[PDB]
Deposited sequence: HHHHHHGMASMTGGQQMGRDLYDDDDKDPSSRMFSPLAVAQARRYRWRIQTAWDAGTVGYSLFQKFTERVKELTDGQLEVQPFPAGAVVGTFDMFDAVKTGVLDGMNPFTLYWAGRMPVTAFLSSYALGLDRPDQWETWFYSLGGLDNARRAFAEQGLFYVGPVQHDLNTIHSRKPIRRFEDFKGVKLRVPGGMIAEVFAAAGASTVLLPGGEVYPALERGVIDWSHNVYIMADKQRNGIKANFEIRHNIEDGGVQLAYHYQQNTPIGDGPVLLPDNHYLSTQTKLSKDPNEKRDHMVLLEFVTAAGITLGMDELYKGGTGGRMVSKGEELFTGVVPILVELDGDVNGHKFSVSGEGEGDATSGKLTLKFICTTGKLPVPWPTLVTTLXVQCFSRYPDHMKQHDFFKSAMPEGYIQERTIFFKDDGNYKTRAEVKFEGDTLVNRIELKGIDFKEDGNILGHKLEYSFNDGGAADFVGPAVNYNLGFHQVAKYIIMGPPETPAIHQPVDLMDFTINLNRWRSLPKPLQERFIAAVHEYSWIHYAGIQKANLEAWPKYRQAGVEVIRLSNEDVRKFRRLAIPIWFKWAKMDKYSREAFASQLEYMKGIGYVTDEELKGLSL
């Protein structure tokens, strides 16, 4: 009669990808005269993304539109049915390998053993890396917390020193906001009723220039200066992205600072001084400091825009050379500029205390070293928001990372994520939570996933129930959609790159030498996955022959590796 197939895709609703997938279901009805209908489902609507394989195998779903290498843990061949690092890197090469060099039937025999019919690949895009750490060379990957899709992709970055996690794309945004895993620099804000203010305790990790890390434990309390009513918040956190730079025309010891601050951590829809921040507000900071008796003064000026959460400031040490590293002063040197979403406005203590302002006190303990004690008044002086600070430091090793100036000029939480290409990652908001894009050099712009293929895979019993004329038409339909989908994604990507620059994202290009370093790690990983079983061996053997044929692999660089 009429055949109806439920098919869930890896694409989340509200991506370019899902819109294209939805149009595919209409094309299939057209091409089959209404006889085959595909009911489309966005990611998660029927089962979790990574649960699609078992759902289709058992028939809960009739089919799926996944990224094929998601099955790498249970079907090694699938790590070879989508690009892997520094291998074949053009869409046309993967088309050739699939449709004339044996790939399609290699995939179909492997999936038939699982009760699945692999229809064909779906072309898509390269992938980008979105990072909160400025990763400018190979060695900067060490200690990064990186989301990736498992398999060989994760193994390559793990071998370069990264910690890897596996998450679906629709969960990447909140993960990047919280450090991806293990630790972050988020400040949980808690009401302090007895001081009619707030308190917070958090831990900053300062990178040591030669490796590894210097911990700075922060204790914080805030109390209003005046007696007007303030807002006492429910639990929530502030997440800050900070960029530190230098002014090339400034000769005093200084720090140029750019920050983006968002309040979060309250779920939407659960059962006066704010007006002063509706536009751009000038800022002045003054700090008078004394660390082990080394005296100094810092002045800063700039502005903040709480509607955006953006701060722009320049700081100068006016007494000469700063005796401590500038990154150790970032937390001391105006949380009233945080961007609070509409549904969280009632939790903004910092703006509620203005204009008379608030006192901010901290103790900051550097592990195995001295401590800072800081006290600050933050308030309006006229129309300028001012932060005046006294800082006193004691018990520091002149030997140490602080007085020895051994800390990297940086301030970030080490989180980064690959997912897909720039347009869909923009659909998911990555530009808001990561201000760097890490790409390869112009010779090798995509190091880990240059050809990130989807597919259609159908429950094998459902497939065999379909009359053969509709089978062939569905195969044709998928092959046509592979390139319609590709073309749609590529068009959106053209629109997305300018939007990244407007959001303040910087594109960082690694070097050819960085690529060579990845390549010496990638080739052994190819052979290890290839040897897992007979399907992965067959697919890599034919890909390796092809790569040798077009000059992508030399025999010398294998250094003895063979199947």
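When the deposited sequence is numbered from 1, the segments without any C-alpha atom are 1 to 42, 314 to 326, 389.
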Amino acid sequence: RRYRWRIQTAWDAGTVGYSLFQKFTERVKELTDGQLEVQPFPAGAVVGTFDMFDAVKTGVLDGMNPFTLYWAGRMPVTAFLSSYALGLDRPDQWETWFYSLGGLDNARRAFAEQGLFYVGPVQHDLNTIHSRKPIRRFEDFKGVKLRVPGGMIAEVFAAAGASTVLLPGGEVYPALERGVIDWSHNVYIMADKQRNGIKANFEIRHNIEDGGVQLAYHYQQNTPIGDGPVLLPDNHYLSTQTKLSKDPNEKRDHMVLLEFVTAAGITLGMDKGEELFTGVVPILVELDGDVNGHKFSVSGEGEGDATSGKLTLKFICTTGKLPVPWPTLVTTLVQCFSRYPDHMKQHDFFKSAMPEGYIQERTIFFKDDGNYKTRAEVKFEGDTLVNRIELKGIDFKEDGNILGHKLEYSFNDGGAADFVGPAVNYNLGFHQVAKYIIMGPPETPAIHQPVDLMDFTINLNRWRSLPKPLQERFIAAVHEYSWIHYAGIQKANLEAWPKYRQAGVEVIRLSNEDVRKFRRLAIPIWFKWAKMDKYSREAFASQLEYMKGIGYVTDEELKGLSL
From here on, numbers count along this sequence of modelled residues.
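The PDB entry records a higher mean C-alpha B factor for 32 to 40 than for its counterpart among 65 to 73 and 32 to 40. Remark: stretch with higher mean C-alpha B factor among 229 to 237 and 175 to 183 is 229 to 237. Reading the B-factor column for the CA atoms of 443, 413, 452, 381 in the entry, the top value corresponds to 443. Taking only the listed residues 161, 422, 488, 197, the entry reports the highest CA temperature factor at 197. For residue 500, the recorded CA B-factor ranks within the highest third of the chain. Only modelled residues enter the ranking. Annotation for residue 18: CA B-factor lies in the lowest third of the chain's modelled residues. When the modelled residues of the chain are ordered by C-alpha B-factor, residue 11 sits in the lowest third.
In the PDB entry, a CA B factor belonging to the highest third of its chain's modelled residues is recorded for residue 554. Ranked against the other modelled residues of its chain, the C-alpha B-factor of residue 328 as given in the entry falls in the middle third.
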